[PDB]
file protein05.cif (mmCIF, C-alpha atoms (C1' of nucleotides))
data_target
#
loop_
_atom_site.label_atom_id
_atom_site.label_comp_id
_atom_site.auth_asym_id
_atom_site.auth_seq_id
_atom_site.Cartn_x
_atom_site.Cartn_y
_atom_site.Cartn_z
CA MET A 1 -56.38 -31.28 2.94
CA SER A 2 -54.29 -32.47 -0.03
CA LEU A 3 -53.31 -29.58 -2.30
CA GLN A 4 -52.53 -30.44 -5.91
CA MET A 5 -51.67 -28.26 -8.91
CA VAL A 6 -53.81 -28.60 -12.04
CA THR A 7 -53.14 -28.04 -15.74
CA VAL A 8 -55.83 -26.63 -18.02
CA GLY A 9 -56.68 -27.12 -21.68
CA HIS A 10 -56.63 -24.50 -24.41
CA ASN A 11 -59.72 -22.50 -23.40
CA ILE A 12 -58.15 -21.62 -20.07
CA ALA A 13 -58.86 -17.90 -20.28
CA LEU A 14 -62.60 -18.44 -19.79
CA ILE A 15 -62.11 -18.94 -16.05
CA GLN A 16 -62.37 -15.66 -14.17
CA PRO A 17 -62.73 -14.48 -10.56
CA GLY A 18 -66.36 -15.14 -9.77
CA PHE A 19 -67.08 -18.34 -11.64
CA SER A 20 -69.68 -20.86 -10.52
CA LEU A 21 -69.36 -24.65 -10.26
CA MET A 22 -72.74 -26.31 -10.32
CA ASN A 23 -72.95 -30.03 -9.63
CA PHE A 24 -75.17 -32.85 -10.91
CA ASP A 25 -74.49 -36.40 -9.69
CA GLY A 26 -70.77 -35.98 -9.19
CA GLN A 27 -70.62 -34.34 -12.63
CA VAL A 28 -69.38 -30.76 -12.21
CA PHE A 29 -70.25 -27.92 -14.57
CA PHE A 30 -68.39 -24.64 -14.94
CA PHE A 31 -70.51 -21.52 -15.40
CA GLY A 32 -69.87 -17.82 -15.73
CA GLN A 33 -67.06 -17.52 -18.25
CA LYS A 34 -65.25 -14.34 -19.26
CA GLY A 35 -66.88 -12.34 -22.02
CA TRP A 36 -70.15 -13.04 -23.77
CA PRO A 37 -70.76 -16.62 -24.92
CA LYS A 38 -68.68 -17.53 -27.96
CA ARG A 39 -69.81 -19.66 -30.88
CA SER A 40 -67.69 -22.65 -29.89
CA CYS A 41 -69.93 -22.84 -26.79
CA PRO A 42 -73.22 -21.01 -27.36
CA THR A 43 -74.51 -21.39 -23.79
CA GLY A 44 -71.68 -20.74 -21.35
CA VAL A 45 -72.03 -23.96 -19.37
CA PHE A 46 -69.19 -26.48 -19.48
CA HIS A 47 -68.42 -30.00 -18.41
CA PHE A 48 -65.72 -29.26 -15.82
CA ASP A 49 -64.16 -32.69 -16.18
CA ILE A 50 -60.92 -33.09 -14.21
CA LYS A 51 -58.83 -36.23 -14.75
CA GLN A 52 -55.15 -36.74 -13.90
CA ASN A 53 -54.71 -33.09 -12.85
CA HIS A 54 -55.94 -32.08 -16.32
CA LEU A 55 -59.36 -30.55 -16.87
CA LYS A 56 -61.19 -30.37 -20.20
CA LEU A 57 -63.73 -27.58 -20.36
CA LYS A 58 -66.20 -29.17 -22.68
CA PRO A 59 -69.20 -27.44 -24.26
CA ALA A 60 -72.61 -28.54 -22.99
CA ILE A 61 -75.88 -27.91 -24.81
CA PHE A 62 -79.21 -26.84 -23.32
CA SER A 63 -82.70 -28.17 -23.91
CA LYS A 64 -85.13 -27.10 -26.60
CA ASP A 65 -87.32 -24.97 -24.30
CA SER A 66 -84.70 -23.59 -21.91
CA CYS A 67 -83.61 -19.95 -21.65
CA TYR A 68 -80.06 -18.89 -22.50
CA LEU A 69 -78.78 -17.00 -19.56
CA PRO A 70 -75.87 -14.56 -19.61
CA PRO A 71 -72.61 -15.45 -17.87
CA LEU A 72 -73.02 -13.99 -14.39
CA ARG A 73 -70.08 -13.38 -12.08
CA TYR A 74 -71.28 -13.36 -8.45
CA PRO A 75 -74.66 -15.06 -8.46
CA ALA A 76 -76.57 -16.66 -5.63
CA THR A 77 -76.39 -20.41 -6.15
CA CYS A 78 -78.52 -22.69 -4.00
CA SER A 79 -79.03 -26.43 -4.48
CA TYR A 80 -82.78 -27.01 -4.26
CA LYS A 81 -82.15 -30.73 -3.80
CA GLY A 82 -85.84 -31.57 -3.81
CA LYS A 83 -85.78 -33.57 -9.09
CA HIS A 84 -82.35 -32.16 -8.27
CA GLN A 85 -81.97 -28.59 -9.51
CA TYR A 86 -80.11 -25.35 -8.82
CA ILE A 87 -81.25 -21.77 -8.37
CA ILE A 88 -79.27 -18.79 -9.69
CA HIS A 89 -80.14 -15.26 -8.57
CA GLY A 90 -78.54 -12.01 -9.65
CA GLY A 91 -75.02 -11.26 -10.76
CA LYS A 92 -72.94 -9.17 -13.13
CA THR A 93 -73.82 -9.47 -16.82
CA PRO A 94 -70.66 -8.99 -18.93
CA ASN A 95 -71.88 -5.41 -19.44
CA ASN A 96 -71.25 -4.68 -15.75
CA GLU A 97 -74.95 -4.34 -15.11
CA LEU A 98 -76.71 -6.31 -12.40
CA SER A 99 -79.51 -8.79 -12.93
CA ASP A 100 -82.65 -9.74 -11.03
CA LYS A 101 -84.09 -12.78 -12.81
CA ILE A 102 -84.03 -16.19 -11.17
CA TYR A 103 -82.81 -19.13 -13.24
CA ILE A 104 -83.55 -22.79 -12.51
CA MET A 105 -81.02 -25.39 -13.69
CA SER A 106 -82.35 -28.92 -14.14
CA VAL A 107 -81.20 -31.79 -16.36
CA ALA A 108 -83.76 -32.71 -18.99
CA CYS A 109 -81.83 -35.49 -20.73
CA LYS A 110 -78.61 -37.42 -20.20
CA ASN A 111 -77.08 -40.25 -22.21
CA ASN A 112 -73.58 -41.68 -21.68
CA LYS A 113 -71.66 -38.63 -20.43
CA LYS A 114 -73.80 -36.28 -22.54
CA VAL A 115 -76.09 -34.03 -20.52
CA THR A 116 -78.79 -31.67 -21.78
CA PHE A 117 -79.59 -28.97 -19.25
CA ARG A 118 -82.83 -27.06 -18.85
CA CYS A 119 -82.57 -23.48 -17.60
CA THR A 120 -85.93 -21.84 -16.93
CA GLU A 121 -86.49 -18.18 -16.13
CA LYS A 122 -88.42 -17.80 -12.88
CA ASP A 123 -89.54 -14.24 -12.17
CA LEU A 124 -90.62 -12.83 -8.81
CA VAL A 125 -93.58 -10.85 -7.50
CA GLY A 126 -94.49 -9.08 -4.29
CA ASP A 127 -91.46 -7.59 -2.55
CA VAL A 128 -88.93 -8.50 -5.23
CA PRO A 129 -85.35 -8.12 -3.95
CA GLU A 130 -82.97 -5.64 -5.44
CA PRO A 131 -80.77 -6.49 -8.43
CA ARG A 132 -77.55 -7.20 -6.57
CA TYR A 133 -74.45 -9.36 -6.47
CA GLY A 134 -72.32 -10.95 -3.79
CA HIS A 135 -75.37 -12.03 -1.81
CA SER A 136 -76.34 -15.55 -0.74
CA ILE A 137 -79.46 -17.68 -1.12
CA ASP A 138 -80.20 -21.00 0.59
CA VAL A 139 -83.18 -23.34 0.49
CA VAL A 140 -84.46 -24.13 3.97
CA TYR A 141 -87.13 -26.65 4.93
CA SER A 142 -89.85 -26.50 7.57
CA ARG A 143 -92.99 -28.55 8.28
CA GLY A 144 -92.82 -30.44 5.00
CA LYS A 145 -92.49 -27.28 2.89
CA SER A 146 -89.49 -25.37 1.58
CA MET A 147 -88.54 -21.74 1.10
CA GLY A 148 -85.61 -19.70 -0.08
CA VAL A 149 -83.77 -17.43 2.36
CA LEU A 150 -81.90 -14.70 0.50
CA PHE A 151 -79.71 -12.42 2.61
CA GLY A 152 -78.49 -9.16 1.21
CA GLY A 153 -75.33 -8.39 -0.67
CA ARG A 154 -73.97 -5.20 -2.21
CA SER A 155 -75.39 -3.49 -5.29
CA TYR A 156 -75.30 -0.31 -7.34
CA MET A 157 -76.81 2.95 -6.19
CA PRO A 158 -80.50 3.42 -7.03
CA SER A 159 -81.60 5.33 -10.12
CA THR A 160 -81.78 8.55 -8.10
CA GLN A 161 -78.51 8.96 -6.20
CA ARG A 162 -76.47 7.44 -9.04
CA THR A 163 -74.29 10.18 -10.48
CA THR A 164 -72.11 9.53 -13.49
CA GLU A 165 -68.88 10.74 -11.88
CA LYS A 166 -69.27 7.78 -9.49
CA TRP A 167 -71.31 5.56 -11.78
CA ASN A 168 -69.73 2.31 -10.59
CA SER A 169 -69.79 2.86 -6.82
CA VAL A 170 -71.54 0.23 -4.72
CA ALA A 171 -73.56 0.19 -1.52
CA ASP A 172 -74.50 -2.77 0.65
CA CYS A 173 -78.17 -3.57 0.34
CA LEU A 174 -80.25 -3.10 3.46
CA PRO A 175 -79.97 -6.13 5.79
CA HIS A 176 -83.37 -7.65 5.17
CA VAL A 177 -84.23 -11.33 4.76
CA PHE A 178 -86.15 -12.42 1.67
CA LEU A 179 -88.35 -15.51 1.78
CA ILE A 180 -88.90 -16.80 -1.75
CA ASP A 181 -91.57 -19.32 -2.75
CA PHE A 182 -90.44 -21.24 -5.82
CA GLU A 183 -93.85 -22.85 -6.34
CA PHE A 184 -95.07 -19.36 -7.26
CA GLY A 185 -91.93 -17.20 -7.22
CA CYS A 186 -93.28 -14.96 -4.46
CA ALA A 187 -90.99 -12.78 -2.35
CA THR A 188 -91.48 -11.47 1.18
CA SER A 189 -89.03 -9.19 2.99
CA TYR A 190 -88.52 -9.32 6.76
CA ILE A 191 -86.53 -6.78 8.77
CA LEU A 192 -84.87 -8.73 11.56
CA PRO A 193 -84.03 -6.14 14.25
CA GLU A 194 -81.00 -8.23 15.20
CA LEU A 195 -79.38 -7.74 11.79
CA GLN A 196 -77.96 -4.22 11.67
CA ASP A 197 -75.23 -3.57 9.10
CA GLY A 198 -74.95 -4.51 5.46
CA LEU A 199 -73.02 -7.61 4.53
CA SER A 200 -71.74 -9.18 1.32
CA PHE A 201 -69.45 -12.03 0.28
CA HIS A 202 -70.38 -13.93 3.43
CA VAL A 203 -70.77 -17.69 3.99
CA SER A 204 -74.18 -19.27 4.46
CA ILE A 205 -74.74 -22.82 5.74
CA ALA A 206 -78.24 -24.28 5.72
CA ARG A 207 -79.24 -27.06 8.12
CA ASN A 208 -82.79 -28.16 7.34
CA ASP A 209 -84.53 -25.51 9.44
CA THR A 210 -82.13 -22.56 9.77
CA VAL A 211 -79.48 -20.48 8.05
CA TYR A 212 -76.05 -19.94 9.63
CA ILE A 213 -74.68 -16.70 8.22
CA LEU A 214 -71.02 -16.21 8.92
CA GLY A 215 -68.18 -13.87 8.10
CA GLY A 216 -68.42 -11.52 5.15
CA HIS A 217 -67.54 -7.95 4.33
CA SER A 218 -69.44 -4.84 5.43
CA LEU A 219 -68.73 -1.98 3.05
CA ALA A 220 -70.68 0.64 5.04
CA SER A 221 -67.66 0.80 7.37
CA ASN A 222 -64.97 -1.35 5.66
CA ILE A 223 -64.77 -4.01 8.37
CA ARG A 224 -65.43 -7.74 8.67
CA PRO A 225 -67.95 -8.60 11.41
CA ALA A 226 -66.55 -11.60 13.24
CA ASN A 227 -70.08 -12.35 14.45
CA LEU A 228 -72.49 -14.90 13.05
CA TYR A 229 -76.24 -15.28 12.83
CA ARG A 230 -78.65 -18.20 13.15
CA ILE A 231 -81.85 -17.41 11.25
CA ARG A 232 -84.45 -19.87 12.50
CA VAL A 233 -87.44 -20.09 10.16
CA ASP A 234 -90.79 -21.74 10.71
CA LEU A 235 -93.66 -22.13 8.26
CA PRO A 236 -97.12 -21.96 9.86
CA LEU A 237 -100.34 -22.66 7.99
CA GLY A 238 -100.37 -19.00 6.93
CA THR A 239 -97.62 -16.40 6.99
CA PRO A 240 -94.10 -17.73 7.70
CA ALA A 241 -92.09 -16.44 10.63
CA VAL A 242 -88.38 -15.87 11.20
CA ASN A 243 -86.18 -15.21 14.22
CA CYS A 244 -82.45 -14.68 14.56
CA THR A 245 -79.83 -15.38 17.24
CA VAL A 246 -76.27 -14.12 17.43
CA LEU A 247 -73.73 -16.69 18.60
CA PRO A 248 -70.06 -16.60 19.60
CA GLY A 249 -67.06 -18.13 17.85
CA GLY A 250 -67.80 -16.56 14.48
CA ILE A 251 -65.00 -16.45 11.92
CA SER A 252 -63.84 -13.08 10.55
CA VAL A 253 -63.58 -13.69 6.81
CA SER A 254 -65.00 -12.62 3.47
CA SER A 255 -64.98 -14.57 0.19
CA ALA A 256 -64.51 -17.86 2.04
CA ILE A 257 -65.38 -21.00 0.10
CA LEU A 258 -67.76 -23.64 1.46
CA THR A 259 -68.26 -27.33 0.84
CA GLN A 260 -69.91 -30.21 2.67
CA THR A 261 -67.00 -32.48 3.50
CA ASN A 262 -68.99 -34.94 5.61
CA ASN A 263 -72.69 -35.20 6.29
CA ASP A 264 -73.62 -32.34 8.66
CA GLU A 265 -69.94 -31.37 8.73
CA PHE A 266 -68.68 -28.52 6.55
CA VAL A 267 -65.23 -27.16 5.88
CA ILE A 268 -64.29 -23.58 5.05
CA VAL A 269 -61.11 -22.32 3.42
CA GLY A 270 -59.40 -18.99 3.09
CA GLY A 271 -61.11 -15.80 2.08
CA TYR A 272 -59.52 -12.58 3.35
CA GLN A 273 -58.68 -11.49 6.89
CA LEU A 274 -57.32 -8.01 6.18
CA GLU A 275 -56.92 -6.14 2.90
CA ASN A 276 -53.29 -7.31 3.01
CA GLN A 277 -53.75 -10.69 4.73
CA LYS A 278 -55.33 -13.42 2.67
CA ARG A 279 -56.70 -16.03 5.05
CA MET A 280 -54.57 -19.18 5.33
CA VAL A 281 -56.12 -21.26 8.11
CA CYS A 282 -58.89 -23.75 7.35
CA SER A 283 -61.83 -24.16 9.70
CA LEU A 284 -64.15 -27.13 10.03
CA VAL A 285 -67.71 -26.26 11.03
CA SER A 286 -69.34 -29.10 12.96
CA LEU A 287 -73.07 -28.75 12.56
CA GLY A 288 -75.54 -30.67 14.65
CA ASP A 289 -79.14 -30.74 15.74
CA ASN A 290 -79.13 -27.23 17.23
CA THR A 291 -75.53 -26.24 18.06
CA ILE A 292 -73.03 -25.03 15.50
CA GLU A 293 -69.35 -25.33 16.40
CA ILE A 294 -66.61 -23.70 14.35
CA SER A 295 -63.14 -25.10 14.98
CA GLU A 296 -59.69 -25.03 13.41
CA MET A 297 -58.26 -27.88 11.35
CA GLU A 298 -54.95 -29.13 10.05
CA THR A 299 -53.68 -25.88 8.44
CA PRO A 300 -53.18 -27.31 4.93
CA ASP A 301 -49.70 -26.72 3.53
CA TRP A 302 -49.78 -23.89 1.02
CA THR A 303 -47.24 -23.78 -1.78
CA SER A 304 -44.90 -20.83 -2.28
CA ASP A 305 -47.03 -19.17 -4.97
CA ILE A 306 -50.24 -19.32 -2.93
CA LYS A 307 -48.35 -17.67 -0.07
CA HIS A 308 -46.99 -15.01 -2.44
CA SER A 309 -50.07 -13.98 -4.44
CA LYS A 310 -52.46 -11.59 -2.74
CA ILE A 311 -55.83 -12.46 -4.34
CA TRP A 312 -57.26 -15.92 -4.84
CA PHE A 313 -60.65 -17.41 -5.54
CA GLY A 314 -62.46 -20.59 -6.45
CA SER A 315 -65.43 -22.67 -5.44
CA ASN A 316 -66.46 -26.14 -4.32
CA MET A 317 -66.85 -28.94 -6.82
CA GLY A 318 -69.31 -30.61 -4.45
CA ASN A 319 -67.52 -33.67 -3.08
CA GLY A 320 -65.28 -31.97 -0.54
CA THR A 321 -63.10 -30.66 -3.36
CA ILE A 322 -62.31 -26.95 -3.53
CA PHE A 323 -61.01 -25.67 -6.86
CA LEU A 324 -58.80 -22.60 -6.48
CA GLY A 325 -57.10 -20.00 -8.62
CA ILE A 326 -54.00 -17.82 -8.51
CA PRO A 327 -53.23 -14.86 -10.80
CA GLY A 328 -49.52 -15.43 -11.33
CA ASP A 329 -46.48 -13.16 -11.37
CA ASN A 330 -47.17 -10.30 -13.78
CA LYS A 331 -43.51 -9.27 -14.10
CA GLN A 332 -42.29 -12.75 -14.99
CA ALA A 333 -41.15 -14.90 -17.92
CA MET A 334 -44.59 -14.74 -19.56
CA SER A 335 -46.35 -16.36 -16.63
CA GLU A 336 -49.87 -17.46 -17.51
CA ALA A 337 -52.86 -15.35 -16.53
CA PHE A 338 -54.09 -17.92 -14.00
CA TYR A 339 -52.72 -21.04 -12.35
CA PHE A 340 -55.09 -23.46 -10.68
CA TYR A 341 -55.07 -25.79 -7.70
CA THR A 342 -57.39 -28.38 -6.21
CA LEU A 343 -57.83 -29.34 -2.56
CA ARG A 344 -59.52 -32.54 -1.52
CA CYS A 345 -61.01 -32.83 1.94
CA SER A 346 -62.31 -36.44 2.06
"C1'" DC B 1 -70.99 66.92 -69.62
"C1'" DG B 2 -65.56 67.65 -70.53
"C1'" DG B 3 -60.25 68.28 -69.86
"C1'" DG B 4 -55.25 69.61 -68.31
"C1'" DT B 5 -53.37 68.23 -64.46
"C1'" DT B 6 -52.39 65.35 -60.25
"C1'" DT B 7 -51.82 61.12 -57.31
"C1'" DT B 8 -50.43 57.21 -57.88
"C1'" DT B 9 -50.09 52.94 -60.88
"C1'" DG B 10 -48.58 48.86 -64.58
"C1'" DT B 11 -45.36 47.50 -67.58
"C1'" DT B 12 -41.32 45.69 -69.63
"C1'" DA B 13 -36.72 41.77 -68.98
"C1'" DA B 14 -31.48 39.94 -66.28
"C1'" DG B 15 -29.45 38.58 -62.54
"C1'" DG B 16 -29.01 38.07 -58.01
"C1'" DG B 17 -29.94 37.61 -53.03
"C1'" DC B 18 -33.12 35.74 -50.17
"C1'" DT B 19 -36.76 32.74 -48.32
"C1'" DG B 20 -40.42 29.10 -47.96
"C1'" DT B 21 -41.99 24.74 -49.10
"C1'" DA B 22 -41.89 20.42 -51.58
"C1'" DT B 23 -39.23 16.48 -52.49
"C1'" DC B 24 -35.89 12.60 -51.48
"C1'" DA B 25 -33.59 8.37 -49.54
"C1'" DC B 26 -34.90 5.76 -45.94
"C1'" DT B 27 -36.18 3.10 -41.84
"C1'" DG B 28 -40.75 -1.53 -39.57
"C1'" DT B 29 -38.23 -7.01 -40.56
"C1'" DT B 30 -45.64 -11.83 -37.97
"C1'" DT B 31 -50.62 -11.47 -36.91
"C1'" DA B 32 -53.82 -13.28 -32.35
"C1'" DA B 33 -58.78 -14.46 -31.68
"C1'" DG B 34 -62.46 -16.62 -33.34
"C1'" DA B 35 -65.61 -19.50 -37.10
"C1'" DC B 36 -66.25 -23.44 -39.71
"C1'" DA B 37 -65.24 -27.65 -42.39
"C1'" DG B 38 -63.14 -31.84 -43.23
"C1'" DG B 39 -61.10 -36.18 -41.90
"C1'" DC B 40 -59.87 -39.78 -39.22
"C1'" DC B 41 -59.90 -42.19 -35.11
"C1'" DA B 42 -62.51 -44.21 -31.50
"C1'" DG B 43 -65.85 -45.73 -28.95
"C1'" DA B 44 -71.10 -46.88 -28.53
"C1'" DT B 45 -74.14 -49.91 -30.28
"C1'" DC B 46 -76.97 -53.78 -33.17
#

call {"tool": "encode", "arguments": {"input": "protein05.cif", "output": "structure tokens"}}
result
Amino acid sequence: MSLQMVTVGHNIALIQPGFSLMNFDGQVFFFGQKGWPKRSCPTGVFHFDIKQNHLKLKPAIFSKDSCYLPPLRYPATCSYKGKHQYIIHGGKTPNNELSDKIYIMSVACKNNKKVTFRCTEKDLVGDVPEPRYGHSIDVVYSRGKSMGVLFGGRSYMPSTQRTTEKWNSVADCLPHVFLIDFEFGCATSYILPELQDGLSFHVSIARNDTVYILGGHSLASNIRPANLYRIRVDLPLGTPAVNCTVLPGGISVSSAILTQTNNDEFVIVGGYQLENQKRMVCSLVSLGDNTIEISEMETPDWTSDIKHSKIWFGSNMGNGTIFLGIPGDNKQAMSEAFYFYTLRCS
DNA sequence: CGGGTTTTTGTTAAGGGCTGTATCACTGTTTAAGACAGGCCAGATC
């Protein structure tokens, strides 16, 4: 809880609400810039190197057999830390159309602060989930195997009820649970009767056999379910099985950022409480063997700007460090389009 | 097909009164974003 303002280089405008910060061995990489990829950086990815409160967005090449992926804006990013690699699912192509491909980010070659990524296009079969954004995917382990739990987020209307006078309206996807096999890219949808209403922009914490879904926004009624869910999974010799349990003490937040401050101990920072109240309080989530425990922590001191501005975003860098953003006074002495902050958490 | 007639028409040029449209003098008082190529430092490496 040590806030600290940051200064950005020349290509500052690339950072936009919805950016991703992937992480490889303490080396952070910005993804999801604004506008299609330029020619000064053909791929979109960037070394997100912060030193002395100054970050240098540096271009970063791909491999020779990778696949150039568009800059998405609200993907599902899960760290399949098993040959470290990330999984990207869905998002908003700069043409405001949603995507459904899965992308796999590995590192094919590195030499003295010069990385060469490898982004491969994994496609799904079976009960493929809907092209959507705002959702959340997490890799969960069971009985020596792994699987991907994807829980719904909002999307565009289907190709039937999509009129052009409301072409951009969005509906929360049905609250299913998608189990995704990466070894074959196979999807399987399960309708947990305990999950009722649609949910997007939530927070999902995986602990080695479960998924703790928490907070989020429910557009079907414009509320924020303060509940939470524990999706227990188990992988038999044949068809997997899932169960859910509601628990008390759930936060009421959407767009809250997550990072793993300590081993089996997460922090969570402000999303939004009400459409006028940005969330200020920070909450530490003590995981464990079976029992989650959300609690409140030392209310980090927010500067004047952060208490003035009404929207604010960011993501975790990976080592208990949350990078933030603030729009900045429009009617001002040519205030920049975005100011940026960083919060350590030890 | 004529052919005296109408019944209306076509024309001249000076000067003026009027009207409609073209012409005239004139005013702005540097770019911002992105692409590529040197060139020189600056560090990695034999």

call {"tool": "resolve_selection", "arguments": {"input": "protein05.cif", "expression": "the PyMOL selection byres ((chain A) within 9 of (chain B))", "output": "PDB file with C-alpha atoms, in the frame of the given file"}}
result
ATOM      1  CA  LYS A  38     -68.680 -17.530 -27.960  1.00  0.00           C
ATOM      2  CA  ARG A  39     -69.810 -19.660 -30.880  1.00  0.00           C
ATOM      3  CA  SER A  40     -67.690 -22.650 -29.890  1.00  0.00           C
ATOM      4  CA  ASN A 112     -73.580 -41.680 -21.680  1.00  0.00           C
TER       5      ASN A 112
END

call {"tool": "atom_distance", "arguments": {"input": "protein05.cif", "atom1": "CA of residue 24 in chain A", "atom2": "CA of residue 63 in chain A"}}
result
15.7 Å

call {"tool": "resolve_selection", "arguments": {"input": "protein05.cif", "expression": "the PyMOL selection byres ((chain A and resi 95-101) around 10)", "output": "PDB file with C-alpha atoms, in the coordinates of the input"}}
result
ATOM      1  CA  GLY A  35     -66.880 -12.340 -22.020  1.00  0.00           C
ATOM      2  CA  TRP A  36     -70.150 -13.040 -23.770  1.00  0.00           C
ATOM      3  CA  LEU A  69     -78.780 -17.000 -19.560  1.00  0.00           C
ATOM      4  CA  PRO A  70     -75.870 -14.560 -19.610  1.00  0.00           C
ATOM      5  CA  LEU A  72     -73.020 -13.990 -14.390  1.00  0.00           C
ATOM      6  CA  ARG A  73     -70.080 -13.380 -12.080  1.00  0.00           C
ATOM      7  CA  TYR A  74     -71.280 -13.360  -8.450  1.00  0.00           C
ATOM      8  CA  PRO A  75     -74.660 -15.060  -8.460  1.00  0.00           C
ATOM      9  CA  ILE A  88     -79.270 -18.790  -9.690  1.00  0.00           C
ATOM     10  CA  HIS A  89     -80.140 -15.260  -8.570  1.00  0.00           C
ATOM     11  CA  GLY A  90     -78.540 -12.010  -9.650  1.00  0.00           C
ATOM     12  CA  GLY A  91     -75.020 -11.260 -10.760  1.00  0.00           C
ATOM     13  CA  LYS A  92     -72.940  -9.170 -13.130  1.00  0.00           C
ATOM     14  CA  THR A  93     -73.820  -9.470 -16.820  1.00  0.00           C
ATOM     15  CA  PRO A  94     -70.660  -8.990 -18.930  1.00  0.00           C
ATOM     16  CA  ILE A 102     -84.030 -16.190 -11.170  1.00  0.00           C
ATOM     17  CA  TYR A 103     -82.810 -19.130 -13.240  1.00  0.00           C
ATOM     18  CA  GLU A 121     -86.490 -18.180 -16.130  1.00  0.00           C
ATOM     19  CA  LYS A 122     -88.420 -17.800 -12.880  1.00  0.00           C
ATOM     20  CA  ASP A 123     -89.540 -14.240 -12.170  1.00  0.00           C
ATOM     21  CA  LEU A 124     -90.620 -12.830  -8.810  1.00  0.00           C
ATOM     22  CA  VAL A 128     -88.930  -8.500  -5.230  1.00  0.00           C
ATOM     23  CA  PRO A 129     -85.350  -8.120  -3.950  1.00  0.00           C
ATOM     24  CA  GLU A 130     -82.970  -5.640  -5.440  1.00  0.00           C
ATOM     25  CA  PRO A 131     -80.770  -6.490  -8.430  1.00  0.00           C
ATOM     26  CA  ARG A 132     -77.550  -7.200  -6.570  1.00  0.00           C
ATOM     27  CA  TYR A 133     -74.450  -9.360  -6.470  1.00  0.00           C
ATOM     28  CA  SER A 155     -75.390  -3.490  -5.290  1.00  0.00           C
ATOM     29  CA  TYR A 156     -75.300  -0.310  -7.340  1.00  0.00           C
ATOM     30  CA  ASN A 168     -69.730   2.310 -10.590  1.00  0.00           C
TER      31      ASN A 168
END

call {"tool": "atom_distance", "arguments": {"input": "protein05.cif", "atom1": "CA of residue 60 in chain A", "atom2": "CA of residue 342 in chain A"}}
result
22.7 Å

call {"tool": "atom_distance", "arguments": {"input": "protein05.cif", "atom1": "CA of residue 338 in chain A", "atom2": "CA of residue 37 in chain A"}}
result
20.0 Å

call {"tool": "build_atoms", "arguments": {"input": "protein05.cif", "residues": "range 273-285 of chain A", "atoms": "N, CA and C atoms", "output": "PDB file, keeping the file's coordinate frame"}}
result
ATOM      1  N   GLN A 273     -58.631 -11.989   5.522  1.00  0.00           N
ATOM      2  CA  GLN A 273     -58.680 -11.490   6.890  1.00  0.00           C
ATOM      3  C   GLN A 273     -58.597  -9.972   6.906  1.00  0.00           C
ATOM      4  N   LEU A 274     -57.509  -9.434   6.369  1.00  0.00           N
ATOM      5  CA  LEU A 274     -57.320  -8.010   6.180  1.00  0.00           C
ATOM      6  C   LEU A 274     -57.013  -7.755   4.709  1.00  0.00           C
ATOM      7  N   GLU A 275     -57.141  -6.492   4.302  1.00  0.00           N
ATOM      8  CA  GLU A 275     -56.920  -6.140   2.900  1.00  0.00           C
ATOM      9  C   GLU A 275     -55.507  -6.445   2.440  1.00  0.00           C
ATOM     10  N   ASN A 276     -54.612  -6.818   3.354  1.00  0.00           N
ATOM     11  CA  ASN A 276     -53.290  -7.310   3.010  1.00  0.00           C
ATOM     12  C   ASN A 276     -53.071  -8.765   3.384  1.00  0.00           C
ATOM     13  N   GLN A 277     -53.912  -9.327   4.247  1.00  0.00           N
ATOM     14  CA  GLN A 277     -53.750 -10.690   4.730  1.00  0.00           C
ATOM     15  C   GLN A 277     -54.853 -11.563   4.133  1.00  0.00           C
ATOM     16  N   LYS A 278     -54.502 -12.310   3.095  1.00  0.00           N
ATOM     17  CA  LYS A 278     -55.330 -13.420   2.670  1.00  0.00           C
ATOM     18  C   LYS A 278     -55.361 -14.478   3.770  1.00  0.00           C
ATOM     19  N   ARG A 279     -56.538 -15.049   3.993  1.00  0.00           N
ATOM     20  CA  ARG A 279     -56.700 -16.030   5.050  1.00  0.00           C
ATOM     21  C   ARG A 279     -56.028 -17.337   4.647  1.00  0.00           C
ATOM     22  N   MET A 280     -55.279 -17.926   5.571  1.00  0.00           N
ATOM     23  CA  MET A 280     -54.570 -19.180   5.330  1.00  0.00           C
ATOM     24  C   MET A 280     -55.180 -20.362   6.058  1.00  0.00           C
ATOM     25  N   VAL A 281     -55.664 -20.156   7.279  1.00  0.00           N
ATOM     26  CA  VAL A 281     -56.120 -21.260   8.110  1.00  0.00           C
ATOM     27  C   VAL A 281     -57.438 -21.802   7.585  1.00  0.00           C
ATOM     28  N   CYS A 282     -57.637 -23.110   7.727  1.00  0.00           N
ATOM     29  CA  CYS A 282     -58.890 -23.750   7.350  1.00  0.00           C
ATOM     30  C   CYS A 282     -59.673 -24.133   8.597  1.00  0.00           C
ATOM     31  N   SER A 283     -60.986 -23.950   8.542  1.00  0.00           N
ATOM     32  CA  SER A 283     -61.830 -24.160   9.700  1.00  0.00           C
ATOM     33  C   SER A 283     -62.944 -25.145   9.376  1.00  0.00           C
ATOM     34  N   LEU A 284     -63.064 -26.185  10.188  1.00  0.00           N
ATOM     35  CA  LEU A 284     -64.150 -27.130  10.030  1.00  0.00           C
ATOM     36  C   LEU A 284     -65.310 -26.698  10.913  1.00  0.00           C
ATOM     37  N   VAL A 285     -66.495 -26.641  10.326  1.00  0.00           N
ATOM     38  CA  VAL A 285     -67.710 -26.260  11.030  1.00  0.00           C
ATOM     39  C   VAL A 285     -68.490 -27.539  11.286  1.00  0.00           C
TER      40      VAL A 285
END
